[PDB]
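The deposited numbering puts the first residue of the sequence shown at 1, with every later residue one more than the last.
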Amino acid sequence: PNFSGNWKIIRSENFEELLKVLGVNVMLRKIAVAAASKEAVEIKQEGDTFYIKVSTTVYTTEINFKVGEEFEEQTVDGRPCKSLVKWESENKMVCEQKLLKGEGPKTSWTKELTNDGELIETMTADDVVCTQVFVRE
Ligand SMILES: *C/C=C(C)/C=C/C=C(C)/C=C/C1=C(C)CCCC1(C)C
């Protein structure tokens with residue numbers, strides 16, 4: 001696989017339900033769904049090392065990791081966490097997150113390159129899975 005690319009979102013599902021689990025109130029949920037509908041993801045993959053840039057209209061974040069090596073990022077609702085990415089197949093990876101402080105829902109994300117050329121990202125909190133689908137710009 002090669003995840004490298006400038007990816008633009010075409011579909012965004014269940015993001016409000018995810019934010020509901022994470023405690024966000026209704027109006028901020030609606031505004032965040034609108035922001036998530038503009039998500040863009042830039043990936044540079046060098047073997048098992050990933051440089052990712054995730055952005056919306058007013059915000060951008062850089063996430064750099066190596067498969068199998070712990071790193072620090074933040075959960076979807078913004079709490080710092082320790083993360084660990086593993087492959088689950090040739091074209092899909094899964095990240096488990098553990099909070100640095102306090103407690104919360106169990107959170108994770110996945111990234112998958114499909115045979116049709118799409119990038120599928122999911123974000124999970126407990127039983128609620130959000131699915132974002134992207135195509136190359
Ligand atoms: C490989 C892809 C990764 C690690 C994607 C991470 C995405 C996020 C942490 C999502 C952030 C968003 C919000 C919290 C609300 C506004 C829009 C998003 C989708 C950028």
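Using N, Cα and C, we set each Cβ at its ideal position, and we do this for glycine too.
For residue i, which residues in the same chain have their Cβ closer than 6 Å to its Cβ, ignoring the five residues on either side in sequence?
| i | result |
| --- | --- |
| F65 | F50, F71 and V85 |
| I52 | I43 and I63 |
| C130 | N14, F15, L18 and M123 |
| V33 | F15 and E16 |
| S12 | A36, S37 and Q132 |
| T61 | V54 |
In whole angstroms, what is the alpha-carbon distance linking residue i and residue j?
| i | j | result |
| --- | --- | --- |
| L119 | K20 | 25 Å |
| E90 | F3 | 11 Å |
| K30 | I9 | 18 Å |
| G78 | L99 | 11 Å |
| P1 | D116 | 13 Å |
| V24 | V58 | 19 Å |
| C81 | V128 | 19 Å |
| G5 | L28 | 30 Å |
| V54 | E46 | 18 Å |
Pull up the CB-CB distance for residue i and residue j, whole angstroms please, since I reckon it's below 8 Å.
| i | j | result |
| --- | --- | --- |
| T107 | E121 | With 8 Å as the limit, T107 and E121 do not qualify as a contact, their Cβ atoms being about 14 Å apart. |
Can you list, in chain order, the residues of its chain whose CB lies under 8 Å from that of residue i, leaving out five sequence neighbours each side?
| i | result |
| --- | --- |
| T56 | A35, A36, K38, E39 and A40 |
| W7 | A40, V41, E42, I43, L119, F134, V135, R136 and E137 |
| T114 | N91 and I120 |
| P105 | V21, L22, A125 and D126 |
| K101 | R79 and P80 |
For a quick check, are the C-beta atoms of residue i and residue j less than 7 Å apart?
| i | j | result |
| --- | --- | --- |
| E112 | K92 | yes |
| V67 | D48 | yes |
| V94 | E103 | no |
| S83 | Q74 | no |
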